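In each ligand, atom 1 is the first atom listed, and ligand 1 is the first ligand listed. Here, residue 1 is the first one in the sequence, and each next residue gets the next number.
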Amino acid sequence: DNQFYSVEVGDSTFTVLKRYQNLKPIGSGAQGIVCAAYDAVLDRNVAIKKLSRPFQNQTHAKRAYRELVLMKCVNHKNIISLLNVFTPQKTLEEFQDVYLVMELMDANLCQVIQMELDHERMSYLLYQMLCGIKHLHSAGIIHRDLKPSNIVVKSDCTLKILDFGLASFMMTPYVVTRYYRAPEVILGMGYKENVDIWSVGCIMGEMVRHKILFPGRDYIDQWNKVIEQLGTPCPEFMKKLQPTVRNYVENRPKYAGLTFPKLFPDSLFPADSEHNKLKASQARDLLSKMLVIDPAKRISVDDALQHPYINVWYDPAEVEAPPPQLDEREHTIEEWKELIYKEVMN
Ligand SMILES: Cc1sc(C(=O)NC2COC2)cc1-n1cc(NC(=O)Nc2c(F)cccc2Cl)cn1
């Protein structure tokens, strides 16, 4: 008789529509807790994400509102699409949580990165990330925070990006992962679409090396790892930095940088047959063109899709699609609560 029922999944209580049965924990990040469930109405398995009090603070509220609005806009096989959105609370006064429902995937890209992948699967996963980023860019969305935990895949190698990136203080224990951010984000520099190509390079490099390329406690250690491996950037890049940051960057020790065959040796690639030897040199070539500090010299998404390691998956039906407003204002808890509540109640 009650439209909703509640079940305990670890430390989180999930109050969901009775169509969703056999809820089980699968993962969790920071914005919310996630469960697998059987949807008895659609006769299919789904993933349910709980957003607890999204209006509680500016950081939570801006992301919750933006991702609800943008999700209804974008329509791409490599970008998340919601099956349902609901709240168990009946009024704005009582409104507390938002539940988002999507197709159930099998793993996040962090799990995939740990496995040895042949060139067929590695290049197909990179092709799909580039198709998804291309669709985001066509909709006027430049991501800037693409990372493995926000990318999901199924057993058949299909892939979907879960979030829309950057729009600051948080009193929670969870710290954000900054290892995939481009130099232009690390150094507050101004950016174009190919800021996301740096993140694809970091992901690709980690798939090969099975270790994060540019780790660090904060941007200080992270920038050191970038220059130690790729080398000190050109003076043309140095002239585009803001004066205070430019002084910091030009006063670090000078690094020549390691060659891409040295950063990614043949030992890390399946290099047995002539077919695989060519694919490994093509994979290194693409890494060489994405992991470029200066965005004026870094490869674009469209040119990355045309790279010989990627273009073996090209097809006009999914590379291109028909494109389609613009929100970014500060609000009180009450105003954010009503903006998110109105979006949940279409
Ligand atoms: C990372 C893993 S692991 C795994 C698994 O164990 N599958 C086996 C097969 O039966 C159990 C499934 C997934 N998976 C995660 C999502 N979605 C979100 O993380 N967020 C998310 C959401 F849920 C709902 C809406 C929005 C967002 Cl953004 C989808 N699939």
Side-chain angles (χ1 to χ4, degrees), residues 7 9-17 19-54 59-88 97-115 125 128-129 132-133 135-136 139 141 143-167 174 176-177 180 203 206-207 340 343-344 346:
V7 275
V9 172
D11 296 17
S12 301
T13 297
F14 273 73
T15 305
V16 304
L17 285 155
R19 64 192 286 174
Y20 302 113
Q21 292 288 299
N22 194 33
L23 273 61
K24 297 185 175 289
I26 57 178
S28 177
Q31 184 172 19
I33 304 84
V34 185
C35 284
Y38 171 58
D39 175 354
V41 165
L42 292 177
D43 184 29
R44 65 187 280 194
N45 295 332
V46 300
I48 306 170
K49 185 173 177 169
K50 181 179 176 189
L51 258 40
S52 300
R53 311 285 292 178
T59 299
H60 280 21
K62 278 180 75 176
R63 184 172 296 281
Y65 183 66
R66 178 157 180 280
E67 297 200 337
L68 278 168
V69 174
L70 299 182
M71 246 152 235
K72 296 164 98 177
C73 304
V74 297
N75 186 16
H76 195 269
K77 69 205 297 196
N78 304 122
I79 301 301
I80 183 176
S81 185
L82 300 186
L83 296 174
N84 201 8
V85 185
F86 68 86
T87 181
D97 315 303
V98 175
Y99 291 79
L100 312 168
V101 186
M102 72 173 279
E103 173 175 4
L104 180 65
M105 303 295 278
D106 297 313
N108 69 28
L109 204 70
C110 304
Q111 299 166 243
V112 170
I113 281 168
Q114 294 189 251
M115 307 159 33
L125 292 167
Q128 291 176 94
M129 286 168 50
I133 296 161
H135 188 80
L136 293 174
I141 298 157
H143 198 291
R144 299 152 63 192
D145 206 23
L146 197 77
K147 69 191 76 167
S149 65
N150 291 321
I151 299 182
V152 287
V153 318
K154 278 201 292 181
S155 303
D156 66 356
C157 202
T158 59
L159 176 146
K160 289 177 202 307
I161 297 163
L162 296 172
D163 79 318
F164 295 93
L166 305 185
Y174 290 90
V176 179
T177 301
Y180 309 87
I203 293 169
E206 194 173 333
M207 285 169 172
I340 293 155
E343 202 61 58
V344 167
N346 64 82

Note every protein N or O atom lying under 3.5 Å from an N or O atom of ligand 1, pairing the names and giving the distance.
| residue | atom | partner | partner atom | Å |
| --- | --- | --- | --- | --- |
| ligand 1 | 7 (N) | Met105 | O | 3.1 |
| ligand 1 | 30 (N) | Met105 | N | 2.9 |

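Judged by distance alone, the side chain of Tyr65 and the main-chain N or O of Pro54 form no donor-acceptor pair under 3.5 Å.
Residue pairs that meet the side chain to side chain donor-acceptor pair (under 3.5 Å) test with at least one member in residues 24-33, sequence neighbours left out, are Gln31-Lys49.
The 12-atom threshold is not exceeded at CG of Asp11, counting heavy atoms of other residues, nucleotides or ligands nearer than 6.0 Å.
For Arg144, the salt bridge (charged side-chain N to carboxylate O under 4.0 Å, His left out) test picks out no residue, with sequence neighbours left out. Listed by chain and number, the residues in a ring-ring contact (aromatic ring centres under 6.0 Å, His included) with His76 are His135 (sequence neighbours excluded).
The existence of a salt bridge linking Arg44 and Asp39 is excluded, since no basic side-chain nitrogen approaches an acidic carboxylate oxygen closer than 4.0 Å.
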